[PDB]
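To start, the structure under review is shown below, and the notes come after it.
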Amino acid sequence: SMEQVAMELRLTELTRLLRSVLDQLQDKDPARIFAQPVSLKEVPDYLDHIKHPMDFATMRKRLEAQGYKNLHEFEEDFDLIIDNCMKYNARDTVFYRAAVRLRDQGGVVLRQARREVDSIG
């Protein structure tokens, strides 16, 4: 149908916008701490601690399959990155501190993204 196409164009354009959002958030992680999944070879107990691992490469795979239906779903995954790190790692660590800085800096990006998603519809 023509409606299904129109819907698919909306999703494509959301995906375009979320790709730019993802790039902007990942720039706030210049150390690449959140770039890839925590290695279960190197942290073998990880899934005992963290039930829903997340990282920027995993988000990008979902994004490129157009697997984010709305900004809320995308934000859920970004918050997992931060929140997982802040639980597994102690406050005095470079990992925790990187997550705080990513959260703080990402907030600004996500605030305007929400306005754009509502604005463009």
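All values below come from the heavy atoms of this structure, side chains included, with hydrogens, waters and symmetry mates left out. The first residue of the sequence shown is numbered 1, and numbering continues consecutively from there.
The side chain to side chain contact (heavy atoms under 4.5 Å, CB included) check on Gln24 picks up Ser20, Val109, with sequence neighbours excluded. With sequence neighbours left out, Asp79 forms a side chain to side chain contact (heavy atoms under 4.5 Å, CB included) with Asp83. Residues forming a side chain to side chain donor-acceptor pair (under 3.5 Å) with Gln36 (at least two apart in sequence, or on another chain): none. Take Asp77 and apply the side chain to side chain donor-acceptor pair (under 3.5 Å) test, not counting sequence neighbours, and it matches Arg62, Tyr68. Checked against ring pair (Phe, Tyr, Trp, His ring centres under 6.0 Å), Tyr96 has no partners two or more places apart in sequence or in another chain.
Between the CG atom in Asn70 and the CG atom in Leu11 there is a gap of 10.0 Å [rounded to 0.5 Å]. If you take CD on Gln105 and CG on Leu25, they are separated by 10.0 Å, rounding to the nearest 0.5 Å. For the atom pair CG of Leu22 and CG of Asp27, the computed distance is 10.0 Å after rounding to the nearest 0.5 Å. Atom CZ in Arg115 sits 13.0 Å away from atom CG in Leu71 (nearest 0.5 Å). The CD1 atom of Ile82 lies 12.5 Å from the CE atom of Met54; values are rounded to the nearest 0.5 Å. Atoms CZ and CG, from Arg19 and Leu14 in turn, are 10.5 Å apart once rounded to the nearest 0.5 Å.
Closest approach of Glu73 to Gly67, counting heavy atoms only: OE1-O, 3.6 Å. The minimum heavy-atom distance between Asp55 and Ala35, with the atom names listed, is OD2-O, 3.6 Å.
For residues 87-105, the set of pairs meeting the salt bridge (charged side-chain N to carboxylate O under 4.0 Å, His left out) definition, not counting sequence neighbours, is empty. The ring pair (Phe, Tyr, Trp, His ring centres under 6.0 Å) pairs that include a residue from residues 75-94 are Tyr46-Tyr88, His49-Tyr88, where partners are two or more places apart or lie in different chains.
When side chains are defined from C-beta on, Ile50 does not count as touching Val38, because their heavy atoms never get closer than 4.5 Å. Using a 4.5 Å heavy-atom threshold, the side chains of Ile81 and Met59 count as touching.
Using a distance-only test at 3.5 Å, with no hydrogens or angles considered, a donor-acceptor pair links the side chain of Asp29 to the main chain of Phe34. With hydrogens and angles ignored, the 3.5 Å screen pairs a side-chain donor or acceptor of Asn84 with a backbone N or O of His52. The backbone N or O of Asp48 lies less than 3.5 Å from no partner atom in the side chain of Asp45, so there is not a single donor-acceptor pair.
Salt bridge status for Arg60 with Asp23: present, with a side-chain N to carboxylate O gap under 4.0 Å.
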